[PDB]
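Single-structure report; data block below.
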Amino acid sequence: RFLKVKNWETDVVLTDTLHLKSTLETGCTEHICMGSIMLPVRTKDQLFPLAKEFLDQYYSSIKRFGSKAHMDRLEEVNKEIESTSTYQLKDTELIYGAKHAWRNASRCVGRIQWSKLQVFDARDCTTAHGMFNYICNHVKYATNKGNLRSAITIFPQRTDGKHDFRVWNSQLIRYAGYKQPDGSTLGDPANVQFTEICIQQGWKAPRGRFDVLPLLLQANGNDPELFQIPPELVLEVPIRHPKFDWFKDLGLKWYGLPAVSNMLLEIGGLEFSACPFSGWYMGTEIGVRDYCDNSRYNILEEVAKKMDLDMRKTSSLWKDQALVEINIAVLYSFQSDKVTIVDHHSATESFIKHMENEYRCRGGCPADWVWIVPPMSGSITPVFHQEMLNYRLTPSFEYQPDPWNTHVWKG
Amino acid sequence: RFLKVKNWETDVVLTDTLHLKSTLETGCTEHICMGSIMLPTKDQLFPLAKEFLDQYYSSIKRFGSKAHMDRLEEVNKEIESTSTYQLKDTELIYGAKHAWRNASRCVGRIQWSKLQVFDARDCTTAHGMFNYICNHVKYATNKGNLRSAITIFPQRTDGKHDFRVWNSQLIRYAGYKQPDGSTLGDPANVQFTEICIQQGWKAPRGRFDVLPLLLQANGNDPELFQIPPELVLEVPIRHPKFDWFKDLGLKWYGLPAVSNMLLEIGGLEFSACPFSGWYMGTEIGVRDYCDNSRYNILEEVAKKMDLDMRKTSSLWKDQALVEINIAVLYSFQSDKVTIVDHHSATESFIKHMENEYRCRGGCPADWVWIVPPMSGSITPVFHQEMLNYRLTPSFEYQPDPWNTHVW
Ligand code: HEM
Ligand code: HEM
Ligand SMILES: Cc1cc(N)nc(CCc2c(F)ccc(CCCN(C)C)c2F)c1
Ligand SMILES: Cc1cc(N)nc(CCc2c(F)ccc(CCCN(C)C)c2F)c1
Ligand SMILES: C[C@H](O)[C@H](O)[C@H]1CNc2nc(N)[nH]c(=O)c2N1
Ligand SMILES: C[C@H](O)[C@H](O)[C@H]1CNc2nc(N)[nH]c(=O)c2N1
Ligand SMILES: [Zn+2]
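Take a look at the structure:
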């Protein structure tokens, strides 16, 4: 079968055949679409078909499908699976798997970069201190004095699910949040639960509005341990506005390196439960979501006050006015400090080019419109007008439950 | 199978049981989600009639009553005999209101029960259709205190006698391809503007020419009619801060009235059913004015604002966009024409959703269409999970008539 997607701004029509290689479920049925739902242990039984499929993909990409190396590798993985119940990826396969998990991430607007990913093999790690050292080197390499470089560090794969490697942080760099007795929140409200865990584990919290959280690292299913990222490795950007000199007095900053650390990387049926990856920000992640979500820092009111907008009626669009100015300030500050950032116009335009290229060279590009379209100015970016097919390919990044809900504490 | 939807801004969780009553299909499968795709006989009819009558008599608390069974019997006998059937006035009103209630892409549905239904099923000619449409337009406009309305022309019979309004909206601006290569007026309507000229219209070739009506009764050739200008309420667009904004020469019309959809009630098909409500500001300010394939005025507004259009990262488009949408709301409000900003309308829809989940067990909703095309995440609907499914009675798309008309 062939499926067509249409861009309703340009009338470009693209034909998807890649969806035929989709295995996992979407959550939708013929009778209900779960397209806007946020969130829609493995034996030798199912593992070799998952392995074989990945290895067929791998050897096809290197133009070696059917070769002796291909057949021998399948043979080697088969015996290793029956002998040991799992298998180990070659370095080349790990690199390929990690790049394609990013390439397959249908919610990621930044995938034009998928092939320039620095893969750090951390599968020889055994302890939380070792994890901290790998993560520090990741942070230093990826930050690169503001000239950000995409990187992923891959810790040992799951075995029996009782010895998991986990980074308990959702992101490697993230600000603490503190629930005050009066009900207000100091810092990032999205991080209150994790902040409280860190404090319980012995973190001495500064209790400021932009405290970089400690790393909480779990090696081999042991209880997690706390580590402070060297501050010299944490690049931060004070937020000022190019016209509004009072904007700096809001006291805002953000960190430069977005590094997701709580997802699971699936490659050939293997599960990498600790695989922190990082790229660079699209401005709206900070300016729109982090700063202006009602349940995040929520600065719209105070910004709109300082701008002296008509805040009595929503139809003055005072929220939309402030939102743009905040987002100008984020992009201005990062560029002024020469820290890599991309605005939503550039990023969406690149994604369209990437997506068209993928359809031509690959037969498709799974894309989740709900997530691709930026959270401001949606229809003046070209992704808004682009029809997209969402389906799940492997290798893939998957969600996993927060470890404090599953972890069996040693004491 | 009893599904939950979470609002991630408020953690409010709603349980959806209404989706199990869904009938038609979404276009999605377990292998592929098509959520962002724009457009995915006597034996067929009586189950459709029975399903609708069942929900109707349940809605009036007479399910399983003699009146229910008799009507089921009566319609059953009518389909057996005439191969179709006719809705009582009460069922037609209920069916139309519920087609709006079920429009999963409509953010305005909190108003669904206050719909004025104009029964036009006695209409036989395009002139008669014109008369019904002028009355609709005048009633709905109401001197700018807009009121929701639908006018329902006779139902499809053998598909050769279809009633169709060829316009996509009762009121829309013409589009002309210039010899110069550009487009004057609304580019979205260039093709329809051609068919009006091809059928005899005398185009003023302006930037905001109200298109004439192209009305088709009983499958005959469509006929041109000019809506009385005194019935077409328009709002000149000025900014409450930029005096130069008036010189852009922008106006829009007050009455959004979709005329090309198909209303399905109890298996019956109403191919001509223009309905109207009132605008959300962003439809005009974001889509009509700022889409690249439409009036596409961002450049000119940004220039007048003297924004730095050298780099996208100055967010000059975003700044201009906000101001254009401030002007649209300000202009409609100042002229006392009903309009709703995207903040109010999405807040109302959240309240509507909660109302529907409480009193109905669900609300089918299409996130891709419900979230406004600007400032998405600062509106509550962005953080609202939504289940999309197809309920009937429903509004449906249909082929453009010129592609089908046996001339
Ligand atoms: C290099 C620059 C990058 C940019 C500009 C970018 C942009 C984005 C944005 C804006 C989102 C939406 C996230 C949100 O709203 O919270 C996203 C999602 C995502 N990104 Fe990228 N990204 C980049 C790099 C990467 C890399 C290096 C990876 C992995 C190796 C990655 C994997 C993902 C995944 C898996 C998601 C979806 C998360 C989910 O499924 O919920 N991205 N990306
Ligand atoms: C009264 C105020 C109303 C408001 C503010 C409103 C708002 C909207 C908006 C913004 C859209 C997206 C349309 C687009 O972007 O082109 C929409 C879609 C829609 N509206 Fe409403 N609407 C209203 C009244 C009505 C009425 C009275 C009906 C029918 C009786 C209706 C039926 C629909 C349908 C069927 C769609 C989706 C069409 C599709 O499936 O693609 N609306 N509405
Ligand atoms: C690598 C990278 C680049 C970039 N531009 N931004 C980020 C942070 C955003 C982001 C992702 F991308 C991917 C995943 C998550 C976690 C999702 C959290 N959700 C469910 C509330 C994320 F929060 C990371
Ligand atoms: C009754 C009403 C209220 C309001 N606020 N706006 C409108 C016009 C938008 C609109 C709809 F709502 C419903 C349907 C269409 C047609 C769809 C056009 N698509 C496919 C480009 C529409 F274009 C109509
Ligand atoms: C309910 C809805 O699915 C949820 O709010 C989604 C919408 N789209 C998004 N898109 C991005 N990029 N990031 C998000 O967190 C979300 N949230
Ligand atoms: C491709 C995509 O489905 C298309 O651009 C949609 C997106 N969401 C929309 N939402 C609304 N309200 N109106 C639209 O026309 C569209 N267009
Ligand atoms: Zn779907």
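Protein chains in written order, with PDB author numbering: chain B, 299 to 338, 348 to 718; chain A, 299 to 338, 350 to 716.
For each residue, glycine too, the CB sits at the ideal point set by N, CA and C.
Between the CA atoms of residue j and residue i - distance to the nearest angstrom
{"i": "B/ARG669", "j": "B/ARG299", "result": "15 Å"}
{"i": "A/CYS432", "j": "A/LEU357", "result": "25 Å"}
{"i": "B/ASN712", "j": "B/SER568", "result": "17 Å"}
{"i": "A/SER686", "j": "A/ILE369", "result": "39 Å"}
{"i": "B/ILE419", "j": "B/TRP409", "result": "10 Å"}
{"i": "B/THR399", "j": "B/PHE427", "result": "12 Å"}
{"i": "B/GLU307", "j": "A/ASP600", "result": "8 Å"}
{"i": "B/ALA581", "j": "A/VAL310", "result": "31 Å"}
{"i": "A/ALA405", "j": "A/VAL499", "result": "31 Å"}
{"i": "B/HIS445", "j": "B/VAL541", "result": "12 Å"}
{"i": "B/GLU383", "j": "B/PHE372", "result": "16 Å"}
{"i": "B/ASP644", "j": "B/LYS555", "result": "14 Å"}
{"i": "B/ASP650", "j": "B/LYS560", "result": "17 Å"}
{"i": "A/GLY558", "j": "A/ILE546", "result": "8 Å"}
{"i": "A/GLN508", "j": "B/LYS660", "result": "41 Å"}
{"i": "B/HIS317", "j": "B/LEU479", "result": "33 Å"}
Residue i CB to nearest heavy atom of ligand 6 below 7 Å
{"i": "residue 342 of chain B", "result": "Chain B lacks the residues between 338 and 348, and residue 342 of chain B is one of those with no coordinates."}
Residue i: CB within 7 Å of a non-hydrogen atom of ligand 7
{"i": "B/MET332", "result": "yes"}
{"i": "A/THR433", "result": "no"}
{"i": "A/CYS443", "result": "no"}
Distance cut-off 7 Å: residue i Cβ against heavy atoms of ligand 4
{"i": "A/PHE372", "result": "no"}
{"i": "B/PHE501", "result": "no"}
{"i": "A/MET683", "result": "no"}
{"i": "A/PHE584", "result": "yes"}
{"i": "residue 344 of chain A", "result": "Residue numbering in chain A jumps from 338 to 350; residue 344 of chain A, which lies between, is not modelled."}
Ligand 5 heavy atom lying under 7 Å from the CB of residue i
{"i": "A/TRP306", "result": "yes"}
{"i": "B/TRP625", "result": "no"}
{"i": "B/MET614", "result": "no"}
{"i": "B/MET336", "result": "yes"}
Any non-hydrogen atom of ligand 3 within 7 Å of residue i CB
{"i": "A/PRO496", "result": "no"}
{"i": "B/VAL567", "result": "yes"}
Closer than 7 Å: residue i CB and nearest ligand 2 heavy atom
{"i": "A/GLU592", "result": "yes"}
{"i": "A/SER457", "result": "yes"}
{"i": "A/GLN642", "result": "no"}
{"i": "A/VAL637", "result": "no"}
Extent of the continuous beta strand (DSSP E) run through residue i
{"i": "B/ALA512", "result": "Premise fails: B/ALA512 is in no beta strand (DSSP E) and is neither H nor E."}
{"i": "residue 342 of chain B", "result": "Residue 342 of chain B cannot be placed in this structure, since chain B goes from 338 to 348 without the numbers between."}
{"i": "A/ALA408", "result": "Premise fails: A/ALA408 lies in the alpha helix (DSSP H), 398-410, not in any beta strand (DSSP E)."}
{"i": "A/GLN425", "result": "425-428"}
{"i": "B/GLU573", "result": "571-574"}
Whole-angstrom C-beta distance between residue j and residue i, which should lie under 8 Å
{"i": "A/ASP675", "j": "A/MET695", "result": "7 Å"}
{"i": "residue 343 of chain A", "j": "A/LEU616", "result": "Along chain A, the last residue before the gap is 338 and the first after it is 350, so residue 343 of chain A carries no coordinates."}
{"i": "B/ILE402", "j": "B/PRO583", "result": "With a Cβ gap of about 16 Å, B/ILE402 and B/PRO583 do not count as contacting."}
{"i": "A/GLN464", "j": "A/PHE579", "result": "5 Å"}
{"i": "A/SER640", "j": "A/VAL544", "result": "5 Å"}
{"i": "B/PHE472", "j": "B/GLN395", "result": "Actually they are not in contact, since the Cβ atoms of B/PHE472 and B/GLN395 sit about 15 Å apart, beyond 8 Å."}
{"i": "B/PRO521", "j": "B/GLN535", "result": "5 Å"}
{"i": "B/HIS714", "j": "A/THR621", "result": "That pair is no contact at about 45 Å."}
Residue range of the unbroken alpha helix (DSSP H) whose run includes residue i
{"i": "A/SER703", "result": "Note, A/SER703: premise wrong, no alpha helix (DSSP H); beta strand (DSSP E) at 703-705."}
{"i": "B/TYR604", "result": "Run containing B/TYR604: none; DSSP gives neither H nor E here."}
{"i": "A/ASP363", "result": "351-368"}
{"i": "A/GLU632", "result": "625-643"}
Heavy atom of ligand 1 within 7 Å of residue i beta-carbon
{"i": "B/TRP678", "result": "yes"}
{"i": "B/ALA449", "result": "no"}
Under 9 Å (Cβ pairs) to chain A, residues found in the region 620-639 of chain B: Listed by position, the residues of the region 620-639 of chain B near chain A (Cβ gap below 9 Å) are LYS620, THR621, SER622, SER623, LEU624, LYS626, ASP627, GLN628, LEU630, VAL631, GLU632, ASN634, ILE635, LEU638, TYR639.
Using a beta-carbon distance cut-off of less than 9 Å, what residues from the region 583-616 of chain A approach chain B? Per Cβ criterion, the list reads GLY590, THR591, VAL595, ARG596, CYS599, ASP600, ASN601, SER602, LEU607.
Would you list, in chain order, the members of the region 643-674 of chain A that have their beta-carbon closer than 7 Å to a beta-carbon of chain B? Here the close residues are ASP650, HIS652, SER653.
Which residues, in chain order, does the region 545-578 of chain A contribute to contact with chain B at a C-beta distance below 9 Å? Listed in sequence order: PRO549.
Against chain A: residues of the region 695-708 of chain B by CB proximity under 9 Å: Cβ contacts with chain A come from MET695, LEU696, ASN697, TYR698, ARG699.
Closer than 8 Å, Cβ to Cβ, to anything on chain A: give me those residues from the region 324-337 of chain B, in chain order. Listed by position along the chain: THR324, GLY325, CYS326, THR327, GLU328, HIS329, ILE330, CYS331, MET332, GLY333, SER334, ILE335, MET336.
Using a Cβ cut-off of 8 Å, which residues of the region 676-688 of chain A contact any Cβ in chain B, in chain order? Taking 8 Å as the Cβ-Cβ cut-off against chain B, the residues of the region 676-688 of chain A that qualify are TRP676, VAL677, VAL680, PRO681, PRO682, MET683, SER684, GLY685, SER686, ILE687.
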